[PDB]
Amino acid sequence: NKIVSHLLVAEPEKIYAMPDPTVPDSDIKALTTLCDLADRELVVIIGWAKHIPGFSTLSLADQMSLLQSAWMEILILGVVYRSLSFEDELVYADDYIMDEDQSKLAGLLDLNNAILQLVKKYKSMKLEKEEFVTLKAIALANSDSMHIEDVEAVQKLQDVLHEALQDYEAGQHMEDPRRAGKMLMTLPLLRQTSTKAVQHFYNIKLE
């Protein structure tokens, strides 16, 4: 499926977190490290969104609305995929892998354990890189914003990406004719973790 190939080649290069080595470890350092990593990931996510077919043909407002509603889900799906080959550890970056102790010290134990629940499920499903890049595009298109202008166009985008997933799964996993549906059913947990994380992100006043 062409869309998948396209998403695969438009996939952004790895970003380093570069935690400040002179700063003592604390919950503030973790939050600062993560706060700066996401900022840079966000800039790249925008450049990546423009590669999704049909996306840059939406109005500017509609483009913002989607990103503004899906940014956290996308950042979270990334750390999750980077962590599939690990155990009880989240790889925010190659130079910033958080274990349970660091999560506790960061006051993110509950949140990270929820991100680990997502990872646990995808490991079980043997989530391929192709499904990762597509699910990420879908999460953006299906972000459920309230301020979309052209609802038809956004639903259109949703459909072309959904079709790519369905098509990919139809040819790569003939052994499971319901894989695509299983993949779509992992989205609720993603939405759930994302909204809870966004909540925390505001309680902390990050901005």
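A residue's number is simply how far along the shown sequence it sits, counting from 1. By rigid core we mean the largest C-alpha set that fits within 1.5 Å across both forms.
- Of 184-192 and 19-27, the stretch whose C-alpha atoms sit farther from the shown form in 9 other deposited structures of this protein, after fitting on the rigid core, is 19-27.
- When the C-alpha B-factors of 182-190 and 21-29 are averaged, 21-29 comes out higher.
- When 195-203 is weighed against 5-13, 195-203 comes out higher, by mean CA B-factor as recorded in the entry.
- As recorded in the PDB entry, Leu105 shows the highest C-alpha B-factor of the residues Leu77, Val119, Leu127, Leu105.
- When the Cα B-factors of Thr57, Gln166, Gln172, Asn142 are read from the PDB record, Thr57 comes out highest.
- Sort the modelled residues of the chain by CA B factor and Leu84 lands in the middle third.
- Placement of the Cα temperature factor of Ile115 within the chain: lowest third of the modelled residues, per the deposited record.
- Among the modelled residues of its chain, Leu135 has a C-alpha B-factor that falls in the lowest third, as given in the PDB entry.
- Annotation for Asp94: C-alpha temperature factor in the middle third relative to the rest of the modelled chain, per the entry.
- Ranked by Cα temperature factor within the chain, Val151 sits in the highest third according to the deposited record.
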